[PDB]
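Chains as they are written, first to last, in the deposited numbering: chain A, 2 to 209, 218 to 407; chain C, 2 to 209, 218 to 407; chain N, 3 to 71, 89 to 102; chain O, 4 to 72, 89 to 204.
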Amino acid sequence: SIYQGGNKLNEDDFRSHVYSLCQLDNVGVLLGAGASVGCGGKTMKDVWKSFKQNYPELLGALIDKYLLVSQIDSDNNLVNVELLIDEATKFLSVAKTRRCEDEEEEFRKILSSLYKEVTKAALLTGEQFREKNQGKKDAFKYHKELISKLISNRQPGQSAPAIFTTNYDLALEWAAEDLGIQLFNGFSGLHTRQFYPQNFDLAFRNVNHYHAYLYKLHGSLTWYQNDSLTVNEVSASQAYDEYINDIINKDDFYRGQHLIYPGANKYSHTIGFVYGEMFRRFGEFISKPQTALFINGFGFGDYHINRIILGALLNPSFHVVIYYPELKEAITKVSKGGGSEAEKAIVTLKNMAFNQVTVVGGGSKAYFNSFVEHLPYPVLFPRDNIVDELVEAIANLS
Amino acid sequence: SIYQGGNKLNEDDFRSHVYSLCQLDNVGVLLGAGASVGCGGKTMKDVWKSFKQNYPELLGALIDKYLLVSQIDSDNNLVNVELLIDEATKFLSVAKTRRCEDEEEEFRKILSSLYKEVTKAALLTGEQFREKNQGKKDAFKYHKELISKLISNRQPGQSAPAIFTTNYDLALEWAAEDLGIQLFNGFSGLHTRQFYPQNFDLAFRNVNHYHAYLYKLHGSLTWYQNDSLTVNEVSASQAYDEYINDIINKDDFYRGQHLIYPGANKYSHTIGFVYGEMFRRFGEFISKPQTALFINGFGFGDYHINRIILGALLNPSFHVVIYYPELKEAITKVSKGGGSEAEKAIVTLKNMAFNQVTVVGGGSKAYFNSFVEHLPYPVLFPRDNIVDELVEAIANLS
Amino acid sequence: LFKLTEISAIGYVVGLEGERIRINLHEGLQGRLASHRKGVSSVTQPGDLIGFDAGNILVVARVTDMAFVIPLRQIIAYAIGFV
Amino acid sequence: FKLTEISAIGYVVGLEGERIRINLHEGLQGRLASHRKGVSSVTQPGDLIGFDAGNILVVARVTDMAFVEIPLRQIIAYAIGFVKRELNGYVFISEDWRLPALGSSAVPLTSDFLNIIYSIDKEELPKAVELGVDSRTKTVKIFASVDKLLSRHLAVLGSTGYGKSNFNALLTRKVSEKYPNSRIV
Ligand SMILES: Nc1ncnc2c1ncn2[C@@H]1O[C@H](COP(=O)(O)OP(=O)(O)OC[C@H]2O[C@H](O)[C@H](O)[C@@H]2O)[C@@H](O)[C@H]1O
Ligand SMILES: Nc1ncnc2c1ncn2[C@@H]1O[C@H](COP(=O)(O)OP(=O)(O)OC[C@H]2O[C@H](O)[C@H](O)[C@@H]2O)[C@@H](O)[C@H]1O
Ligand SMILES: Nc1ncnc2c1ncn2[C@@H]1O[C@H](COP(=O)(O)OP(=O)(O)OP(O)(O)=S)[C@@H](O)[C@H]1O
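Here it is in structure tokens:
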């Protein structure tokens with residue numbers, strides 16, 4: 002269940018390939034929504050499989066009246082939830098413009114009910130979302146090891162790792178504030194925090218292994234636009250108090266040009282400028298010599314990311330590694346006239362005369378918590394907890 | 002006996018650990034009151050006993066009327082005196098200000114009685130305090146070896162040694178004047194001394218010169234304030250006349266806001282400036298890389314030193330050595346859920362798995378004289394007095 | 003508060019000529035002595051063992067020479100094995 | 004206040020295997036020295052010098068001399100042991116794997132350390148016998164123990180006219196003068 006170059010491999014000859022890959026000039030990682038189900042998250046099926054259940058009286062307008070979703074997809078639970086929100090956001094602006102008072106209050110309900118199932122699921126904890134020191138817990142234990150291993154496996158002079166993701170949750174920031182690591186994300190300031198797209202070109206140094222880079226392709230819960238025209242970041246406690254305790258526990262959606270998740274308001278020239286600058290950097294990191302990319306958690310149901318990856322194998326120095334835990338069923342289904350675009354796409358490159366590609370399956374053998382353990386610790390790295398027995402002796406001195 | 006890492010240790014490996022610790026970048030010693038018992042001093046229990054044996058009629062007000070002392074601690078002789086004197090200075094300062102003519106007199110004859118008893122113990126020679134060459138005698142013979150061995154075991158280019166202490170006697174200066182070594186203590190001048198806190202950063206060099222640093226944390230018997238803005242230092246013959254004689258002999262004699270021993274008048278803003286710049290420097294010294302500390306005479310009853318020591322132990326390059334004569338008689342009290350905070354603190358250290366800690370507790374084997382014999386002389390050091398046999402003929406010539 | 007190791011270094015490699023290894027030391031006693039959670043360790047003279055990081059392995063070597071070029092100091096060593 | 008009463012003549016500048024390389028100071032500091040016991044020098048490839056190391060003292064023998072190309092002079096040496104304290108004296112141990120550190124200072128040897136390098140134990144001192152004096156310096160007397168020397172067999176070798184019959188009479192008479200209940204044939 003490990004296919005390189007079209008044919009098979011074994012565990013050791015692949016665990017020895019991983020180690021040689023992590024030692025290249027440029028190293029990166031792409032994550033998805035299936036990586037945060039071991040911490041309190043939910044995939045994209047379970048969201049529609051619950052919207053359907055809780056709001057049936059709205060599921061008829063979308064199909065019989067406005068034609069925004071199809072019946073077989075809704076029954077097989079195969080809908081894209083970002084494009085639906087974008088289209089429903091664009092249907093409301095026209096009505097607000099040309100003064101139609103029915104089609105304006107018919108969409109507020111739809112949008113309020115859609116922005117209420119994805120938020121409740123992106124809170125990995127619950128009412129402890131507003132509190133402090135949340136990366137100290139047990140669910141965020143492998144996220145730490147990922148960063149530790151990605152940083153400690155570099156040499157002096159070699160660049161720093163990169164991280165891309167599609168989630169809009171706070172699981173890698175909580176887990177880095179604890180280690181003592183600093184992540185660049187484009188924003189600067191504390192009392193008025195703003196987006197400057199050149200802070201990705203900076204780095205630290207001492208004057209007497219500190220930092221990394223993070224790219225969020227679909228936004229976050231802490232990003233918003235005010236009565237001004239500028240994007241602002243804030244903390245979780247402040248967001249809970251402004252615009253997150255009303256979404257759930259009320260029925261309010263009148264700020265229709267205000268939120269920046271999950272990829273909704275891309276018709277404004279000020280909010281699309283922040284989405285573009287992330288794909289423009291993905292497609293520029295993925296085009297360098299001596300590059301390696303690990304993928305995990307991602308279902309290949311996006312046309313542009315595939316059209317961007319496929320076009321990078323034309324350079325002989327780019328290598329890929331993929332984890333897909335439902336590979337058997339896909340081969341079966343596309344053996345005899347069937348399957349969806351994702352399965353066809355992955356099977357297309359599973360059969361190739363390309364040693365640059367490597368696919369991994371096996372259900373629980375392709376999950377996040379196994380991806381991590383396949384990565385090496387150095388031999389001179391501190392692991393034994395030899396400082397914790399001593400921080401409570403200072404507390405006993407009450 | 003000797004425990005390192007929770008495991009027992011033997012003498013010839015201890016004597017080689019000591020010689021490897023005495024060769025690091027930073028080396029220091031912290032002394033206490035027991036270290037001046039062979040020279041003519043005493044501890045705090047012997048002071049409290051004499052107080053309660055000679056002034057039994059003031060031992061009732063302090064307990065039943067103002068609540069400065071407790072009966073259980075008075076009975077078991079566990080009182081802190083340098084902490085009872087500051088409160089009694091505060092009471093008198095408040096009474097003077099609010100014009101209570103009756104309560105101003107009682108706190109004026111409590112302090113005289115306290116100062117007489119705490120001052121008689123720190124002369125070490127009696128009426129020969131106001132004389133010259135008092136370090137030629139025999140009681141100051143082990144204080145010279147300490148300094149000689151701390152200086153001789155350095156190399157060219159290395160820093161110089163540091164000696165912190167809580168005493169306020171004059172036993173480490175008499176011994177260096179009879180040995181030809183310059184101590185830095187933060188004072189300058191002859192006809193008018195005063196505190197400059199930035200000459201702890203100076204040193205000597207030759208052209209065609219051996220020194221050390223001394224930090225007193227509770228004051229000295231020769232420091233005093235007369236004007237509004239400056240503390241002054243003075244010699245022993247000049248102090249005996251002015252103020253140290255009337256204290257002993259006369260019956261009621263007290264000047265307020267005048268003396269700088271022991272930790273008494275910290276409510277001003279010129280005296281606390283002297284007490285703070287010593288703890289700041291202690292902290293700074295105990296936080297550098299490649300640091301070694303020896304402790305002797307200190308009973309571990311100071312919460313503000315306990316945690317400095319505990320928290321300087323998070324750094325891998327800090328080693329400490331402790332001497333405690335009463336370890337056995339205290340390991341039991343806390344197995345039986347008893348004991349005082351000092352006993353608990355020291356057993357917490359004795360029972361941890363750290364190799365940066367070492368405890369020596371064999372009674373008269375954990376005393377000042379044995380400490381000084383555990384340290385090494387070099388082979389080429391000139392160790393005999395060839396010259397005194399030649400200094401007698403020059404006298405005889407007459 | 004993130005640290006990549008707990009035992010500190012002694013120098014850096016600047017040359018390989020066949021079997022030989024060439025090392026340049028840091029300035030001060032930081033190039034001779036060390037101190038860690040377990041004790042005190044030194045490297046002083048020919049006939050002593052030294053180690054190098056290589057990621058997943060630690061290379062072991064024996065010293066042969068030492069000399070001057089304050090002035091700068093060098094070392095020569097040969098390889099023994101790895102852990 | 005003094006750390007030493009014996010001055011230096013050079014410093015170590017190299018360690019190449021079992022060898023030691025030493026650069027000297029300019030002038031008669033490099034050849035002579037005066038101290039409370041007399042005058043000592045280091046002047047040709049047969050002499051002994053020592054190196055200070057704090058706890059021990061390394062002892063070495065000279066082998067070469069030269070100008071590198089006022090000019091600068093070098094020296095080369097080998098090691099034969101070290102000295103240390105026992106209770107209130109010193110003791111000499113012979114083992115050759117130790118070496119001094121870079122920058123350490125070189126110092127000459129005196130008649131107080133030579134008399135420890137060429138001496139016998141304390142256990143054997145009341146059973147000793149005098150034979151002569153050291154040749155190069157002539158400040159140190161040589162003793163040997165009757166037990167070690169005679170409990171086993173002994174050999175005396177030499178050509179004609181060089182002093183071989185004085186030795187046997189010296190020895191046999193000094194054994195009697197000290198142990199008058201002996202037996203000699
Ligand atoms: N514990 C686990 N560990 C690892 N992988 C898992 C786990 N559980 C499930 N999976 C895998 O995780 C996958 C879940 O796939 P989905 O969440 O639908 O897709 P997305 O996260 O890319 O959705 C975001 C996209 O939506 C828009 O279309 C945009 O294009 C975005 O790209 C499955 O293949 C599971 O096998
Ligand atoms: N001959 C001796 N040699 C060595 N140690 C001795 C000897 N005799 C007794 N001892 C030990 O000496 C110790 C005496 O302890 P104490 O005099 O009470 O404490 P301090 O001098 O630090 O008091 C000043 C502190 O008091 C406040 O708490 C402030 O924080 C001050 O820092 C005992 O453990 C004896 O075993
Ligand atoms: N320490 C000394 N210094 C100078 N001359 C010495 C010394 N010891 C002995 N001699 C002289 O050496 C000379 C000859 O020594 P001999 O006793 O003849 O040795 P030998 O000839 O080997 O002994 P044989 O085999 O019996 S002839 C004597 O005249 C001594 O004076």
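Note that CB positions come from ideal geometry on N, CA and C, so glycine has one too.
How would you write the range of the beta strand (DSSP E) that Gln5/A sits in, first residue to last?
-> Here residue 5/A refers to the residue found at position 4 of the first sequence. Where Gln5/A is concerned, the enclosing beta strand (DSSP E) stretches over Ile3 to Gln5.
Any beta-carbon of chain N closer than 7 Å to the one on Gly17/O?
-> As a first step, residue 17/O must be located in the fourth sequence, where it is residue number 14. So yes, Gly17/O belongs to the interface.
Taking only the alpha-carbon atoms, compute the straight-line gap between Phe294/A and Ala221/A and give it to the nearest angstrom.
-> The residue given as residue 294/A occupies position 285 in the first sequence. The residue given as residue 221/A occupies position 212 in the first sequence. Going by the C-alpha atoms only, they are around 14 Å apart.
If you drop the 5 nearest sequence neighbours on each side, which residues of the same chain put their C-beta closer than 7 Å to that of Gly281/C?
-> Against the second sequence, residue 281/C aligns to sequence position 272. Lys275, listed in sequence order.
Output the distance between the C-alpha atoms of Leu85/A and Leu112/A, rounded to the nearest integer angstrom.
-> Along the first sequence, one-based indexing puts residue 85/A at 84. Along the first sequence, one-based indexing puts residue 112/A at 111. Whole-angstrom Cα-Cα distance: 10 Å.
Nearest residue (CA-CA) to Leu115/C, options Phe52/C, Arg99/C, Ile164/C and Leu322/C | Along the second sequence, read from residue 1 onward, the residue named residue 115/C stands at position 114. Among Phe52/C, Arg99/C, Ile164/C and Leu322/C, the Cα nearest to that of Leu115/C is on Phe52/C.
Would the beta-carbon of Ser154/O be found less than 6 Å away from any heavy atom of ligand 3?
-> Translated into the one-based positions of the fourth sequence, residue 154/O becomes position 135. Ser154/O: no, Cβ never under 6 Å from ligand 3.
Proximity test, Cβ basis, 7 Å: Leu60/O and chain C | Here residue 60/O is taken as the residue at index 57 of the fourth sequence, counted from 1. Yes, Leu60/O lies at the interface with chain C (some Cβ there is under 7 Å from its Cβ).
Just tell me which of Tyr56/A, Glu132/A and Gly306/A has its CA closest to the CA of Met45/A.
-> Here residue 45/A corresponds to residue number 44 of the first sequence, with the count starting at 1. Selected option, being the one with the closest Cα: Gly306/A.
Helix, strand or coil: how does DSSP classify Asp55/O here?
-> The residue given as residue 55/O occupies position 52 in the fourth sequence. Here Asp55/O sits in strand by DSSP.
Return yes when the C-beta of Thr191/O is under 6 Å from any heavy atom of ligand 3, and no when it is not.
-> Working through the fourth sequence from its first residue, we reach residue 191/O at position 172. Every heavy atom of ligand 3 is 6 Å or more from the Cβ of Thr191/O, so no.
Within 7 Å of chain A by C-beta, residues of the segment 75-88 of chain C in sequence order = none
Among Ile139/O, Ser130/O, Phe162/O and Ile25/O, nearest to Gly151/O - alpha-carbon criterion = The residue labelled residue 151/O in the question sits at position 132 within the fourth sequence. Of the listed residues, the one whose Cα sits closest to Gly151/O is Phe162/O.
Looking only at C-alpha atoms, which of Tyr376/A, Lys138/A, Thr300/A and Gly346/A sits nearest to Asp26/A?
-> Counting from one through the first sequence, the residue named residue 26/A turns up at place 25. Closest option to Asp26/A, Cα to Cα, is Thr300/A.
Answer with yes or no whether the minimum CB distance from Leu118/O to chain N is below 7 Å.
-> For the purposes of this step, residue 118/O is taken as the residue at position 99 of the fourth sequence. Judged by the 7 Å Cβ criterion, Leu118/O is in contact with chain N.
DSSP state of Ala63/O, grouped into three classes?
-> One-based indexing of the fourth sequence puts residue 63/O at position 60. Reduced to three states, the DSSP call for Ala63/O is strand.
Since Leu31/N meets chain C, which of its residues come closer than 7 Å, beta carbon to beta carbon?
-> Position 29 of the third sequence, counting from 1, holds the residue named residue 31/N. Those within 7 Å of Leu31/N in chain C are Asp26.
Selected residue, minimal CA-CA separation from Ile269/C, among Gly136/C, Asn241/C and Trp232/C | In the second sequence, counting from the first residue as 1, residue 269/C sits at position 260. Closest by alpha carbon: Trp232/C.
Have a look at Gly292/C and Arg206/C and give me their C-alpha separation to the nearest angstrom.
-> Here residue 292/C refers to the residue found at position 283 of the second sequence. Here residue 206/C refers to the residue found at position 205 of the second sequence. Distance between the alpha carbons of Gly292/C and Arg206/C: 28 Å.
Pick from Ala36/A, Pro325/A and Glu174/A that is closest to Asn186/A, judged by C-alpha positions | Taking the first sequence and counting its residues from 1, one reaches residue 186/A at position 185. Here the closest residue by C-alpha is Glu174/A.
Would you kindly check if the distance between the Cβ of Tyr252/A and the Cβ of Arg131/A is under 7 Å?
-> Locating residue 131/A in the first sequence gives position 130, where the first residue counts as 1. Locating residue 252/A in the first sequence gives position 243, where the first residue counts as 1. Going by C-beta atoms, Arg131/A is not nearer than 7 Å to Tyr252/A.
Excluding sequence positions up to five away, which residues of its chain have a Cβ less than 7 Å from the Cβ of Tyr386/A?
-> Mapped onto the first sequence, residue 386/A falls at position 377. Annotation for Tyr386/A: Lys150 place their beta carbon closer than 7 Å to its own, counting only its chain and skipping 5 residues before and after.
Alpha carbon to alpha carbon, what distance is there between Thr279/C and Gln234/C?
-> Here the question's residue 234/C lines up with position 225 in the second sequence. Here the question's residue 279/C lines up with position 270 in the second sequence. If I take the Cα positions, the gap works out to 9 Å.
Check whether the Cβ atoms of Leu226/C and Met287/C lie closer than 7 Å to each other.
-> Here the question's residue 226/C lines up with position 217 in the second sequence. Here the question's residue 287/C lines up with position 278 in the second sequence. The answer is yes: Cβ separation under 7 Å.
For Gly308/A, the residue or residues it bridges with in DSSP | By 1-based counting over the first sequence, the position of residue 308/A is 299. Answer by DSSP bridge pairing: none, since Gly308/A is not bridged.
May I ask whether a heavy atom of ligand 2 can be found less than 6 Å away from the beta carbon of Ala34/C?
-> Locating residue 34/C in the second sequence gives position 33, where the first residue counts as 1. True, at least one ligand heavy atom lies under 6 Å from that Cβ.
Where does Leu389/C sit, in a helix, a strand or coil, going by DSSP?
-> On the second sequence, residue 389/C is found 380 positions in, with the first residue counted as 1. The answer is coil: DSSP assigns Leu389/C none of H, G, I, E or B.
Where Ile148/C and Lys167/O are concerned, what is the direct C-alpha to C-alpha distance, given to the nearest angstrom?
-> Taking the first residue of the second sequence as position 1, residue 148/C is located at position 147. Taking the first residue of the fourth sequence as position 1, residue 167/O is located at position 148. Taking the straight line from one Cα to the other gives about 46 Å.
Nearest to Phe4/O (by Cα), restricted to the options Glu338/C, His267/C and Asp393/C | The residue given as residue 4/O occupies position 1 in the fourth sequence. Sorting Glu338/C, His267/C and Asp393/C by C-alpha distance to the C-alpha of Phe4/O places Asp393/C at the top.
State whether the segment 133-148 of chain O contacts the segment 36-49 of chain O, with contact taken as three or more CB pairs (one from each stretch) at a distance under 8 Å.
-> no
If I'm right that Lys97/A touches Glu105/A with Cβ under 8 Å, what's the distance once you round it to whole angstroms?
-> Reading the first sequence from its first residue, position 96 is the one you call residue 97/A. Reading the first sequence from its first residue, position 104 is the one you call residue 105/A. About 6 Å; that satisfies the 8 Å criterion.
Cross-strand partners of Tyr14/O (DSSP beta bridge) = As a first step, residue 14/O must be located in the fourth sequence, where it is residue number 11. In DSSP, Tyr14/O forms a bridge with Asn26/O and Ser124/O.
Relative to chain C, which residues along the segment 39-66 of chain N have a C-beta separation below 9 Å, given in chain order?
-> Cβ contacts with chain C: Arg39, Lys40, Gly41, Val42 and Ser44.
Check whether the Cβ of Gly182/O sits closer than 6 Å to any heavy atom of ligand 3, and report yes or no.
-> Along the fourth sequence, read from residue 1 onward, the residue named residue 182/O stands at position 163. Yes.
Consider the Cβ of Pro162/A: report whether some Cβ of chain N lies at a distance smaller than 7 Å.
-> In the first sequence, residue 162/A corresponds to position 161, counting from 1. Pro162/A does not count as touching chain N.
Residue ranges of each beta strand (DSSP E) within the segment 254-319 of chain C, 3 or longer | 300-305
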